[PDB]
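Each remark here refers to the structure printed beneath this line.
Read-outs: derived from the displayed coordinates by stated rules, not from any lab. Every residue, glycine among them, receives a Cβ derived from its backbone with ideal geometry; neighbour counts consider all protein chains shown.
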There are 2 protein chains.
Amino acid sequence: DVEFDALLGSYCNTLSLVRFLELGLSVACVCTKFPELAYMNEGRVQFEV
Amino acid sequence: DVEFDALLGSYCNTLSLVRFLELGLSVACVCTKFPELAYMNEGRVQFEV
C-alpha cells in the first residue's frame, strides 16, 4: 500500500500600482507638493477680473 | 507649533480689445471718419434712378 497527499501547485498574485500622474484625471488638477501644509493655517488664492 | 497662512497665488485676466473692423458686420456699413459732424447741420446723400 502507498497513499500520499500531493501539492499540485501554488499560485500568487501580483499587486498592481497606479501612479495617478499616468492617468487622464490628472489634467484636472495642478499638483504641487507643499511640505509645510501641516504647519499652515489658511490658504488664499486671489483673483482679479 | 509653528503656523502660517499663505497667499498661494494671484490671477488676473486680460481685457480683450476688439476692433469693429475685424468683423463681418463691417461689410454691412461704409465707415468714414468725419471730424466735423459737430459743425454740420444737415447732411444729405441724393439718388437718381
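Descriptive notes on the structure:
- Some residue of region A:17-40 being within 14 Å of chain B (Cβ to nearest Cβ), surrounded by 10 or more Cβ atoms within 10 Å (Cβ to Cβ), assigned to a strand (DSSP E or B) and touching a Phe, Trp or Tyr at 6+ places or on another chain (Cβ under 8 Å): yes
- Positions within region B:1-16 being among the aromatic types (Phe, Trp, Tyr) and touching a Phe, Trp or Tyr at 6+ places or on another chain (Cβ under 6 Å), in sequence order: B:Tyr11
- Subset of region A:1-46 (residues that are over 24 Å from B:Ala6 (Cβ atoms) and among the polar types (S, T, N, Q)): A:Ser10, A:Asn13, A:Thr14, A:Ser16
- Residue within region A:2-16 that is within 14 Å of chain B (Cβ to nearest Cβ) and not hydrophobic (A, V, I, L, M, F, W, C) present: no
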